[PDB]
Amino acid sequence: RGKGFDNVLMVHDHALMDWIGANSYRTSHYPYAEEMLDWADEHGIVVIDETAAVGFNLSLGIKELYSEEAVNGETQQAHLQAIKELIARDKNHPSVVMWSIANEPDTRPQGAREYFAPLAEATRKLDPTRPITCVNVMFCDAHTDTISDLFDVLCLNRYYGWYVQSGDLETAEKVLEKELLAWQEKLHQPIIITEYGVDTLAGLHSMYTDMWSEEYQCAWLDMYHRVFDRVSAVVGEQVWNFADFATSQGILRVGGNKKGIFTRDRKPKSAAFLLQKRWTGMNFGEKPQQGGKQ
Amino acid sequence: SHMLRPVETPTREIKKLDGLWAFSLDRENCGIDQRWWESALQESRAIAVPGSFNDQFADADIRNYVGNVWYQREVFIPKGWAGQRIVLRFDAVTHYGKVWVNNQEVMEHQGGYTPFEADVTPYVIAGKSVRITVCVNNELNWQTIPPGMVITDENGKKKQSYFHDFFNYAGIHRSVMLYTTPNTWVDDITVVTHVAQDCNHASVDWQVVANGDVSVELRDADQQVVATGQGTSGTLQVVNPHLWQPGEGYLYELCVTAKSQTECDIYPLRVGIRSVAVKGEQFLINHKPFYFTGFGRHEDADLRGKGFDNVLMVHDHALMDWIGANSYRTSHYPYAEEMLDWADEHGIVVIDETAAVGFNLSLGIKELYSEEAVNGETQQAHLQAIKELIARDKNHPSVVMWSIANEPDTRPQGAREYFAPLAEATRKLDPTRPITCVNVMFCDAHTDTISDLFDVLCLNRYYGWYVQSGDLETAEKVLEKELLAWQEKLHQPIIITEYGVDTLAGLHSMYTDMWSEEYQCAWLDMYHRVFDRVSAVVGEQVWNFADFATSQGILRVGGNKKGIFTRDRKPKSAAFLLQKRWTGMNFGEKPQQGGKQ
Amino acid sequence: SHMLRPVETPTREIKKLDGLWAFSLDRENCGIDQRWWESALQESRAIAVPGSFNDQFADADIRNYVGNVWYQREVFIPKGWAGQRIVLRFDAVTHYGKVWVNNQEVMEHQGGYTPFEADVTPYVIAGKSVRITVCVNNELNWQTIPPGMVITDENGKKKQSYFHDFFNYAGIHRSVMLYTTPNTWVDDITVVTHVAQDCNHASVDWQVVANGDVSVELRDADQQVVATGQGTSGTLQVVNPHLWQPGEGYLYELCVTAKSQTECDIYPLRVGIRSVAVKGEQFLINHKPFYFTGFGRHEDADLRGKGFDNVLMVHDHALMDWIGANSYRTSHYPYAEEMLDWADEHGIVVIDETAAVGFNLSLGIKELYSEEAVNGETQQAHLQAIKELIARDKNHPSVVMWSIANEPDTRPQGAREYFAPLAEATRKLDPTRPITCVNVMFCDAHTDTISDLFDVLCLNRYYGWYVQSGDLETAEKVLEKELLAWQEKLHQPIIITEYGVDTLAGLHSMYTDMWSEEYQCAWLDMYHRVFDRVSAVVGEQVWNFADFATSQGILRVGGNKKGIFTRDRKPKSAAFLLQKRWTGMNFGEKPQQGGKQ
């Protein structure tokens, strides 16, 4: 039963998270049901509410389609009502600490700053108790006409040696920090990476830490780690997918896309074993040592 | 310039391929500087030859390394080679190799997949140990074949990029041997075997000698003689029905004798009497329509990369045999000796290609005009690549066509300027076989180049995978209407040289979806449906014998899974599908109309 | 009849382990008296050597077949050889090979993991070609090493049944040369080095009964003659020595020299200053107490099983290197030439075993013979097995034991009695290197035969595997109190030779279940803690290196997944433990048995 509710799945996944040391997650690319109230509350799990606001590009084959004559008034107003309906529901829930208003929104073409800011300014008027956010794509340089200013914690989710720099970990780190440094200054606000990951086929090992192997995901993941906790600005790290999950038709994606730390049936990849040493060898809720004595 | 295959006779050959050699990485570019070929190879570990070197060591920085590498070997010249012409050849060294036999440089080569042999006695006296050093380079540029493009990092860090699919494995892939002939020796031969309405005839013979008087006799299926021949470079011999055919491989045995006043040289050459012609949208072999069924393949195995190994060749052919495959195309470069070996004895019909993939800037999934980065210079290298392959494969009856390139972009302006000469050039080199140039997806929007300047249409169709994702009925519609387009337009025979989908090995779905065995099957069955209803389709070659390693990228699951067989030769469900279809097919004859409503 | 594995100089040889001998099976029998060795081979098929005949043709009816197989190759004998003799060598034909040359029995053998030796130039011409027929026998019986029983099924379905894990891969698994040598020739050498913490002084001795006179030049590395004494047997000296170490394996080269008025022969054989003996309950070489770190191995590869590959060797060895194992047992049979090459050069310490395995009816985990077989003709054969095996590796610096048999049954009937005399024979064939034997799961003051006679008890078990299934904590309880038990009884050094689990390569789970990656890992280091916590334990060697093929049954799946690596060398998460643990040791020394708290 995809996208459907199960008491078991909730008791179990939550047990996974518990074990593996994650205190948080975004309901991603839509609102969930009632894991909110139950789990996050009771166990103090901090959630970053998102909206089913996703897929505002023609920009990633990785035709034609409409270019901002749609994604217009009737759609902004609908986007309005989406944020209405979503604050209606979780405005009490102690586990809600943000409102992500949209994921991966395109910020360059045409009339972007203009559609968007009024919605920052409406939601604001519906909750000022919890700061609002928005989730960035891979365009960066002093960059968004719309996202930069209006939001309180920039949430940036990328794959810096994945669809470009394929498997070059060392340069991808170079590019990673100098661009966190870049993102650091511009806004002098707190930065949370919301989708960091790789695609890894559950049962694949190899000596050369190849792409799509267990030992790549592991090497790759902790490449991030080092430049992560080495930047004052970074305050949130959230690995992109929990489990493999189904995806639309195409190539790039296989049986879903194998982007989970766990598999669809919750069997754990070797990456679950990193993120449980790292993630519990922290003190509760506090940045690790950004350097250890030498 | 001009060679023949070392066969053992009053010629003898010593195999020098124990491939226990001393390997070093010339990590900074100094091997040649510090004259490394003239002393003990420092830091030199043990490596196998024949074999690629990328995979042997389970080491990442050796795999994706890009400069230069050395091969050092202590070897022993036979006593008995007294006043003998002693030549040293390498059946292949992949992108570059110069050979120092004890501080004498004797040979260097460019073609990555063809032989190069240099030498007479002068540089070695019999009965003592020589130290052979090979410099192998693995760089591709715009004049190389394949083409390539190398990115240098901010810091003399060299990172090779290319435009083909399969991993750029480099090293001595094939056998290296020291071999000897007397001072009279047949240097080259050429045979052309005509047949007429099947009961009949002619076996043309041409010749070139190293100061000798060639006598020729074409002798045996049973060892008894059956024709005799005149002198240097002349003949036509004539007899009865015994032929070489797709089904069996039946081959005669023509030997060449040269004669100076004292010295002698007898070389034997196997001869398949077969007719190969294309007449009006039919590919005739011994004058009857033939139907290709088979594989595009690669020279790719599990630890040896592109290295050559007998066992695989024996196994893979048991698998091609079982599946009912009658043909294959050497998918992207010349293959080694599976030509005579096994393609000739069992009359497997081969399409052999040159090393030319990636003349395309479009297939991603720095740049801008596919010309004056493709030169009259590359054109030259290309012509050279061709020249060296026809050279070696000229006589193999297995080979029934030449493919001079794979999937070049023929939209740009010079495409036709570039191929037309290469087209006319390969025909003047061997008129006996049709030529072809394997097609990417283009049909009226296929453009200038030379489907028309070629003899039989080979089309690569890895379709739904990319264009109509996972859709069958829309995919069937365009396939058939495109295939027809190519009929009306060129009226030549059409071979589908690539058709299939990446399929994870054990991934089953009740919704046949992408990467599921169930899917591979439907997709393959769809194709067949439409082949079977388009007359000009005279052959199907499924894209891929087995999962083979690839270059970098997302569409690339480690060793992207293009195969029917796994890289460890295990059958995906799709194999049994082809077993039924192909062996259900009475041999070599296209099905009459394949389904019917 | 003992031998020396060829090398060259004015001994030369022609690798003729070429590919593609002709191949036929003998069913409805009839081969040996239908004079098949001439008039050659109707209806054969191509086969390659060296390798198995089993997996090559991807066929069950060949794979499982038992009985006689025919193998036939032609070869030109080199001119410039008419002077010397023409010795033909197979480095093994698996169970039984009856060589012929043009029409007459040339050699015969039953070993199977050891060499043959025959023709000294007398049978046919020094300058022409001569067909070489071989007949190979798969079958095993109780007087055969790897004993088994063949049951001819009703109307002749002759199935073979055996008593060990690995599959009954047969045929010419190894390199089949032929060689040259002058009529005075060295032959049958013997060397060995006794040392103190300071020096020195290895031994000259050998059977050159052929026309030769005596000369012995020993070299260090790099062509410096040092300390040479010239009479067939007089010991030598060291000014001060650079001694054979497991880290480095520095070895000397002494060129035996047999002088004559007619054609004197010089031979190169290298040698290493190995200090091999036991002292109390500790294992010392160059007089230090070091640790064994390896796997049990097998000669099993994906397409040519039990057959030789230069690549596989360069690669596997690279794996071991990376993963921190300095040792291994050739398991359940002798190998080929990884001995000399790798172990020597890299100082890898090997524990030679014999194809002595499967001496029980005792583990379904019928009837069969109970010690009326496994008798005299079989002990004598077991005798000859130890003969043939010491013949070969008595020089090899990497040989530090002789395991005489694996998993031998020690309780039923007449065990102490068959066995001790073989401890007492081998002793008489080498006292330079201590002998051993490998235990099964019966323990309590236990073996009638094994306990006393051997120098380092070698015990390989699975203490929470086929019993105590997955109970790690009690299995540890039981593990130590039984190492304690094994500790005292014999006050000798104890090496565990097969410790492992079965793990399906791609299986993870939260509950460290059986057959998961994270069980093998948890399980393996459960051993680890009780291991290095027992003074007595000096050797740990994980059972299998890679998955490998096994006989028919249930308990075992695709082999049995008992390797740290998979058959195609892809590494399980256990390779990642045994490489942290195994390199976070100091070279060759027991870890801290406790770390401060």
# chains A, B, ... in the order shown; residues from 1 in each chain; ligands from 1

$ residues_around --residues "residue 4 of chain A" --least-positions-apart "3" --cutoff "10 Å" --atoms "only C-alpha atoms" --output "ChimeraX atom specification"
/A:1,32-33

$ write_last_selection --atoms "C-alpha atoms" --output "JSON list (two decimals), in the first residue's frame"
[["chain", "number", "residue", "atom", "x", "y", "z"],
["A", 1, "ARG", "CA", 0.00, 0.00, 0.00],
["A", 32, "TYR", "CA", 2.06, 13.30, 6.30],
["A", 33, "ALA", "CA", -0.62, 11.95, 8.67]]

$ calpha_fit_rmsd --fixed "chain B" --moving "chain C"
1.2 Å

$ interface_residues --of "chain C" --to "chain B" --cutoff "10 Å" --atoms "only C-alpha atoms" --output "MDAnalysis selection string"
chainID C and resid 8:10 12:16 18:20 45:53 55:59 75:82 127:129 302:304 307 309:319 322 341:342 567:570

$ write_last_selection --atoms "C-alpha atoms" --output "PDB file, in the first residue's frame"
ATOM      1  CA  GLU C   8      65.811 -21.758 -18.446  1.00  0.00           C
ATOM      2  CA  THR C   9      69.268 -21.050 -19.753  1.00  0.00           C
ATOM      3  CA  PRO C  10      70.657 -23.991 -21.718  1.00  0.00           C
ATOM      4  CA  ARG C  12      64.834 -24.318 -22.458  1.00  0.00           C
ATOM      5  CA  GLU C  13      61.145 -25.313 -22.658  1.00  0.00           C
ATOM      6  CA  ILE C  14      58.209 -24.623 -24.932  1.00  0.00           C
ATOM      7  CA  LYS C  15      54.979 -23.822 -23.099  1.00  0.00           C
ATOM      8  CA  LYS C  16      52.577 -25.869 -25.153  1.00  0.00           C
ATOM      9  CA  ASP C  18      48.382 -23.710 -25.584  1.00  0.00           C
ATOM     10  CA  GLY C  19      44.739 -23.404 -25.919  1.00  0.00           C
ATOM     11  CA  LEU C  20      42.431 -25.575 -27.672  1.00  0.00           C
ATOM     12  CA  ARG C  45      35.275 -30.074 -29.642  1.00  0.00           C
ATOM     13  CA  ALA C  46      37.711 -27.299 -28.741  1.00  0.00           C
ATOM     14  CA  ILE C  47      39.032 -27.254 -25.190  1.00  0.00           C
ATOM     15  CA  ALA C  48      41.615 -25.073 -23.481  1.00  0.00           C
ATOM     16  CA  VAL C  49      44.518 -25.971 -21.190  1.00  0.00           C
ATOM     17  CA  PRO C  50      45.281 -25.272 -18.374  1.00  0.00           C
ATOM     18  CA  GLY C  51      41.788 -25.531 -16.911  1.00  0.00           C
ATOM     19  CA  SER C  52      38.833 -27.629 -15.903  1.00  0.00           C
ATOM     20  CA  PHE C  53      36.887 -29.484 -18.518  1.00  0.00           C
ATOM     21  CA  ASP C  55      32.411 -25.609 -16.534  1.00  0.00           C
ATOM     22  CA  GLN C  56      33.815 -24.744 -20.023  1.00  0.00           C
ATOM     23  CA  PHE C  57      30.857 -25.728 -22.079  1.00  0.00           C
ATOM     24  CA  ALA C  58      28.135 -24.595 -19.730  1.00  0.00           C
ATOM     25  CA  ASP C  59      26.589 -27.997 -19.843  1.00  0.00           C
ATOM     26  CA  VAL C  75      53.006 -29.807 -31.927  1.00  0.00           C
ATOM     27  CA  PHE C  76      56.157 -29.085 -34.030  1.00  0.00           C
ATOM     28  CA  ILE C  77      59.281 -30.105 -32.045  1.00  0.00           C
ATOM     29  CA  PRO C  78      61.993 -27.420 -32.360  1.00  0.00           C
ATOM     30  CA  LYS C  79      65.139 -27.972 -34.486  1.00  0.00           C
ATOM     31  CA  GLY C  80      68.279 -27.114 -32.494  1.00  0.00           C
ATOM     32  CA  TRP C  81      67.078 -29.705 -30.027  1.00  0.00           C
ATOM     33  CA  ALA C  82      68.416 -32.803 -31.839  1.00  0.00           C
ATOM     34  CA  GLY C 127      62.421 -31.606 -36.154  1.00  0.00           C
ATOM     35  CA  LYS C 128      58.796 -32.373 -37.035  1.00  0.00           C
ATOM     36  CA  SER C 129      55.306 -32.417 -35.494  1.00  0.00           C
ATOM     37  CA  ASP C 302      34.562 -18.887 -12.225  1.00  0.00           C
ATOM     38  CA  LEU C 303      35.116 -20.389 -15.622  1.00  0.00           C
ATOM     39  CA  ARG C 304      38.119 -22.637 -15.627  1.00  0.00           C
ATOM     40  CA  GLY C 307      42.781 -24.373 -13.378  1.00  0.00           C
ATOM     41  CA  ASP C 309      45.361 -18.151 -14.243  1.00  0.00           C
ATOM     42  CA  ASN C 310      48.139 -15.589 -14.013  1.00  0.00           C
ATOM     43  CA  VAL C 311      45.472 -12.849 -13.501  1.00  0.00           C
ATOM     44  CA  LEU C 312      43.696 -14.615 -10.623  1.00  0.00           C
ATOM     45  CA  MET C 313      47.047 -14.992  -8.898  1.00  0.00           C
ATOM     46  CA  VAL C 314      48.132 -11.328  -9.367  1.00  0.00           C
ATOM     47  CA  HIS C 315      44.699 -10.220  -8.124  1.00  0.00           C
ATOM     48  CA  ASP C 316      43.890 -12.577  -5.221  1.00  0.00           C
ATOM     49  CA  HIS C 317      47.366 -11.935  -3.968  1.00  0.00           C
ATOM     50  CA  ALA C 318      46.624  -8.222  -4.191  1.00  0.00           C
ATOM     51  CA  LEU C 319      43.559  -8.865  -2.065  1.00  0.00           C
ATOM     52  CA  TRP C 322      45.547  -5.280   1.062  1.00  0.00           C
ATOM     53  CA  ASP C 341      56.636 -17.119  -7.102  1.00  0.00           C
ATOM     54  CA  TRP C 342      54.569 -15.359  -4.625  1.00  0.00           C
ATOM     55  CA  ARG C 567      33.784 -16.114  -6.384  1.00  0.00           C
ATOM     56  CA  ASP C 568      34.281 -12.982  -8.621  1.00  0.00           C
ATOM     57  CA  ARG C 569      36.318 -11.335  -5.847  1.00  0.00           C
ATOM     58  CA  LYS C 570      33.755  -8.762  -4.778  1.00  0.00           C
TER      59      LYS C 570
END

$ interface_residues --of "chain C" --to "chain A" --cutoff "9 Å" --atoms "only C-alpha atoms" --output "VMD selection string"
chain C and resid 505 to 510 569 to 573

$ write_last_selection --atoms "N, CA and C atoms" --output "short mmCIF file (atom, residue, chain, number, x, y, z; two decimals), in the first residue's frame"
data_model
loop_
_atom_site.label_atom_id
_atom_site.label_comp_id
_atom_site.auth_asym_id
_atom_site.auth_seq_id
_atom_site.Cartn_x
_atom_site.Cartn_y
_atom_site.Cartn_z
N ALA C 505 26.34 -13.13 0.03
CA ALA C 505 27.03 -11.86 -0.19
C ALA C 505 26.17 -10.63 0.12
N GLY C 506 24.98 -10.51 -0.49
CA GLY C 506 24.18 -9.27 -0.37
C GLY C 506 23.17 -9.13 0.76
N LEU C 507 23.26 -9.98 1.78
CA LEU C 507 22.23 -10.05 2.82
C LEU C 507 22.60 -9.25 4.06
N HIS C 508 21.79 -8.23 4.34
CA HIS C 508 21.89 -7.47 5.57
C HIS C 508 20.64 -7.74 6.42
N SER C 509 20.74 -7.54 7.74
CA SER C 509 19.53 -7.49 8.59
C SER C 509 19.85 -6.94 9.93
N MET C 510 18.82 -6.53 10.65
CA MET C 510 19.01 -5.80 11.91
C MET C 510 19.38 -6.76 13.02
N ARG C 569 35.45 -12.16 -6.68
CA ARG C 569 36.32 -11.33 -5.85
C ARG C 569 35.72 -10.07 -5.32
N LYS C 570 34.41 -9.92 -5.41
CA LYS C 570 33.75 -8.76 -4.78
C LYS C 570 33.65 -8.98 -3.28
N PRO C 571 34.09 -8.00 -2.46
CA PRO C 571 34.33 -8.19 -1.04
C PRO C 571 33.11 -8.07 -0.14
N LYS C 572 32.91 -9.03 0.77
CA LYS C 572 31.85 -8.94 1.81
C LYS C 572 32.32 -8.01 2.93
N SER C 573 31.39 -7.43 3.68
CA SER C 573 31.76 -6.59 4.85
C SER C 573 32.78 -7.22 5.83
#

$ residues_around --residues "residue 496 of chain B" --least-positions-apart "5" --cutoff "12 Å" --atoms "only C-alpha atoms" --output "PyMOL selection string"
chain B and resi 291-296+328-329+438-441+456-463+479+483+486+527-528+530-532+534+536-543

$ residues_around --residues "residue 6 of chain B" --least-positions-apart "2" --cutoff "12 Å" --atoms "only C-alpha atoms" --output "MDAnalysis selection string"
chainID B and resid 3:4 8:15 86:91 115 117 175:181 185:188 266:269 337 392

$ select_by_dssp --residues "segment 15-233 of chain A" --states "helix (DSSP H, G or I)" --output "NGL selection string"
:A and (15-20 or 36-43 or 73-90 or 112-123 or 147-150 or 169-187 or 214-228)

$ residues_around --residues "segment 354-362 of chain C" --least-positions-apart "2" --cutoff "7 Å" --atoms "only C-alpha atoms" --output "PyMOL selection string"
chain C and resi 145-147+163-164+332-334+352+364+368+403-409

$ write_last_selection --atoms "N, CA, C and O atoms" --output "compact mmCIF listing (two decimals), in the first residue's frame"
# COMPACT_ATOMS: atom_id res chain seq x y z
N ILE C 145 43.54 -41.02 -3.49
CA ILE C 145 43.60 -39.80 -2.68
C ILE C 145 42.67 -38.74 -3.28
O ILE C 145 42.77 -38.47 -4.49
N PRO C 146 41.85 -38.06 -2.43
CA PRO C 146 40.43 -37.87 -2.60
C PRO C 146 39.66 -39.16 -2.91
O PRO C 146 39.23 -39.39 -4.05
N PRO C 147 39.46 -39.99 -1.88
CA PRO C 147 38.75 -41.24 -2.00
C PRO C 147 37.28 -40.98 -2.22
O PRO C 147 36.78 -39.98 -1.72
N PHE C 163 33.77 -37.36 -0.47
CA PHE C 163 33.65 -37.08 0.97
C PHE C 163 34.10 -35.70 1.46
O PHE C 163 34.05 -35.38 2.67
N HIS C 164 34.50 -34.87 0.51
CA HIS C 164 34.90 -33.50 0.81
C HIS C 164 33.89 -32.39 0.31
O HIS C 164 32.87 -32.70 -0.31
N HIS C 332 43.43 -28.86 1.01
CA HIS C 332 42.87 -30.15 0.55
C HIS C 332 43.44 -30.62 -0.76
O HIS C 332 42.89 -31.48 -1.41
N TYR C 333 44.56 -30.01 -1.15
CA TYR C 333 45.38 -30.45 -2.27
C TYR C 333 46.55 -29.48 -2.34
O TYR C 333 46.47 -28.41 -1.75
N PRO C 334 47.63 -29.88 -3.02
CA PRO C 334 48.74 -29.09 -3.49
C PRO C 334 48.30 -28.13 -4.59
O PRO C 334 47.52 -28.51 -5.48
N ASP C 352 51.79 -26.09 3.31
CA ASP C 352 51.48 -27.18 2.35
C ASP C 352 50.52 -28.28 2.88
O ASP C 352 50.79 -28.90 3.91
N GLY C 364 26.90 -36.18 7.82
CA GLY C 364 25.78 -35.72 6.99
C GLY C 364 25.50 -34.34 7.59
O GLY C 364 24.75 -34.23 8.57
N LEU C 368 28.77 -46.92 3.90
CA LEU C 368 30.11 -46.90 3.33
C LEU C 368 31.14 -47.73 4.14
O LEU C 368 30.96 -47.98 5.36
N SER C 403 51.02 -30.34 6.26
CA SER C 403 49.76 -30.92 6.61
C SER C 403 49.65 -32.18 5.79
O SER C 403 49.83 -32.14 4.58
N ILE C 404 49.37 -33.29 6.44
CA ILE C 404 49.35 -34.57 5.76
C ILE C 404 47.95 -35.00 5.37
O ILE C 404 47.77 -35.82 4.46
N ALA C 405 46.98 -34.48 6.10
CA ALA C 405 45.57 -34.70 5.80
C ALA C 405 44.67 -33.70 6.54
O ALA C 405 45.03 -33.17 7.60
N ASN C 406 43.52 -33.43 5.93
CA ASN C 406 42.54 -32.52 6.49
C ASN C 406 41.32 -33.29 6.99
O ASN C 406 40.92 -34.30 6.39
N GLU C 407 40.74 -32.82 8.09
CA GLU C 407 39.55 -33.43 8.70
C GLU C 407 39.57 -34.97 8.77
O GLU C 407 38.62 -35.62 8.32
N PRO C 408 40.64 -35.56 9.34
CA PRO C 408 40.65 -37.00 9.37
C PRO C 408 39.92 -37.52 10.61
O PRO C 408 40.06 -36.96 11.71
N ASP C 409 39.13 -38.57 10.39
CA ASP C 409 38.38 -39.27 11.42
C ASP C 409 39.32 -40.10 12.26
O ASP C 409 40.11 -40.88 11.73

$ residues_around --residues "residue 108 of chain B" --least-positions-apart "5" --cutoff "8 Å" --atoms "only C-alpha atoms" --output "PDB file with C-alpha atoms, in the first residue's frame"
ATOM      1  CA  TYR B  96      50.366   3.143 -27.504  1.00  0.00           C
ATOM      2  CA  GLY B  97      53.537   1.112 -27.173  1.00  0.00           C
ATOM      3  CA  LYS B  98      57.192   1.478 -28.090  1.00  0.00           C
ATOM      4  CA  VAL B  99      59.358  -1.516 -27.563  1.00  0.00           C
ATOM      5  CA  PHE B 116      52.676  -4.699 -34.838  1.00  0.00           C
TER       6      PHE B 116
END

$ decode --residues "segment 524-582 of chain C" --atoms "C-alpha atoms" --output "PDB file, in the first residue's frame"
ATOM      1  CA  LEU C 524      34.049 -13.597  13.237  1.00  0.00           C
ATOM      2  CA  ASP C 525      35.083 -11.190  15.971  1.00  0.00           C
ATOM      3  CA  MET C 526      33.413 -13.390  18.638  1.00  0.00           C
ATOM      4  CA  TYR C 527      36.144 -15.806  17.770  1.00  0.00           C
ATOM      5  CA  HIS C 528      38.615 -12.982  17.743  1.00  0.00           C
ATOM      6  CA  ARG C 529      38.193 -12.129  21.429  1.00  0.00           C
ATOM      7  CA  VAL C 530      38.660 -15.680  22.770  1.00  0.00           C
ATOM      8  CA  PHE C 531      41.386 -16.107  20.202  1.00  0.00           C
ATOM      9  CA  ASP C 532      43.984 -13.554  21.068  1.00  0.00           C
ATOM     10  CA  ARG C 533      42.906 -14.220  24.683  1.00  0.00           C
ATOM     11  CA  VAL C 534      44.607 -17.606  24.613  1.00  0.00           C
ATOM     12  CA  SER C 535      48.420 -17.772  24.838  1.00  0.00           C
ATOM     13  CA  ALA C 536      48.184 -21.094  23.007  1.00  0.00           C
ATOM     14  CA  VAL C 537      46.593 -19.784  19.846  1.00  0.00           C
ATOM     15  CA  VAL C 538      49.331 -18.679  17.448  1.00  0.00           C
ATOM     16  CA  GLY C 539      47.583 -19.033  14.090  1.00  0.00           C
ATOM     17  CA  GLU C 540      44.212 -17.731  12.896  1.00  0.00           C
ATOM     18  CA  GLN C 541      43.256 -18.380   9.306  1.00  0.00           C
ATOM     19  CA  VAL C 542      39.675 -17.636   8.159  1.00  0.00           C
ATOM     20  CA  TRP C 543      38.286 -20.540   6.313  1.00  0.00           C
ATOM     21  CA  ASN C 544      37.470 -19.414   2.873  1.00  0.00           C
ATOM     22  CA  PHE C 545      38.914 -16.653   0.899  1.00  0.00           C
ATOM     23  CA  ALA C 546      36.178 -16.627  -1.751  1.00  0.00           C
ATOM     24  CA  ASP C 547      32.982 -18.476  -2.346  1.00  0.00           C
ATOM     25  CA  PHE C 548      33.979 -21.702  -4.249  1.00  0.00           C
ATOM     26  CA  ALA C 549      31.946 -24.519  -5.886  1.00  0.00           C
ATOM     27  CA  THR C 550      30.858 -27.491  -3.756  1.00  0.00           C
ATOM     28  CA  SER C 551      29.384 -30.876  -4.401  1.00  0.00           C
ATOM     29  CA  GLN C 552      25.640 -31.389  -4.973  1.00  0.00           C
ATOM     30  CA  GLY C 553      23.811 -31.028  -1.654  1.00  0.00           C
ATOM     31  CA  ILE C 554      21.491 -28.819   0.391  1.00  0.00           C
ATOM     32  CA  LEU C 555      23.693 -27.414   3.214  1.00  0.00           C
ATOM     33  CA  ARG C 556      25.720 -25.820   0.302  1.00  0.00           C
ATOM     34  CA  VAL C 557      24.264 -23.052  -2.044  1.00  0.00           C
ATOM     35  CA  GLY C 558      26.149 -21.802  -5.177  1.00  0.00           C
ATOM     36  CA  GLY C 559      29.212 -23.172  -3.496  1.00  0.00           C
ATOM     37  CA  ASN C 560      28.319 -22.299   0.012  1.00  0.00           C
ATOM     38  CA  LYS C 561      29.002 -18.588   0.344  1.00  0.00           C
ATOM     39  CA  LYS C 562      31.717 -19.242   2.835  1.00  0.00           C
ATOM     40  CA  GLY C 563      34.218 -16.805   1.432  1.00  0.00           C
ATOM     41  CA  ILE C 564      35.117 -13.370   2.624  1.00  0.00           C
ATOM     42  CA  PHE C 565      35.179 -12.432  -1.050  1.00  0.00           C
ATOM     43  CA  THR C 566      32.730 -13.752  -3.591  1.00  0.00           C
ATOM     44  CA  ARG C 567      33.784 -16.114  -6.384  1.00  0.00           C
ATOM     45  CA  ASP C 568      34.281 -12.982  -8.621  1.00  0.00           C
ATOM     46  CA  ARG C 569      36.318 -11.335  -5.847  1.00  0.00           C
ATOM     47  CA  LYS C 570      33.755  -8.762  -4.778  1.00  0.00           C
ATOM     48  CA  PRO C 571      34.332  -8.194  -1.042  1.00  0.00           C
ATOM     49  CA  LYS C 572      31.849  -8.937   1.810  1.00  0.00           C
ATOM     50  CA  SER C 573      31.761  -6.590   4.850  1.00  0.00           C
ATOM     51  CA  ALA C 574      33.919  -9.213   6.611  1.00  0.00           C
ATOM     52  CA  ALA C 575      36.860  -8.219   4.401  1.00  0.00           C
ATOM     53  CA  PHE C 576      36.580  -4.844   6.005  1.00  0.00           C
ATOM     54  CA  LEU C 577      36.956  -6.249   9.565  1.00  0.00           C
ATOM     55  CA  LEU C 578      39.833  -8.604   8.771  1.00  0.00           C
ATOM     56  CA  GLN C 579      41.675  -5.710   7.245  1.00  0.00           C
ATOM     57  CA  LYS C 580      41.324  -3.320  10.209  1.00  0.00           C
ATOM     58  CA  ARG C 581      42.098  -6.047  12.756  1.00  0.00           C
ATOM     59  CA  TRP C 582      44.768  -7.660  10.584  1.00  0.00           C
TER      60      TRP C 582
END
